[PDB]
Amino acid sequence: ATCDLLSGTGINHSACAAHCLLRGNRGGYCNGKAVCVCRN
């Protein structure tokens, strides 16, 4: 996964923890600079 893809004028913040939660995670976010990491 990775941020800055669906739209530039709309940074992806929740989308991360969203697909993450459903993936069976505990959360996730655009860290580093433009990488949607996750975490259980």
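Numbering (the entry's author numbering), first residue to last: 1 to 40.
By construction, the Cβ of each residue, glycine as well, lies at the ideal position given by its N, Cα and C atoms.
Item	Value
Buried versus exposed call for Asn31 [16 or more other C-beta atoms within 10 Å across all chains shown]	exposed
Opening and closing residue of the alpha helix (DSSP H) in which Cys16 lies	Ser14 to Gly24
Proximity of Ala34 and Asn25 at Cβ, strictly below 9 Å	no
Burial state of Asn40 (16 or more Cβ within 10 Å)	exposed
For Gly10 and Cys20, believed in contact at Cβ under 8 Å, the rounded distance	Actually they are not in contact, since the Cβ atoms of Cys20 and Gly10 sit about 18 Å apart, beyond 8 Å.
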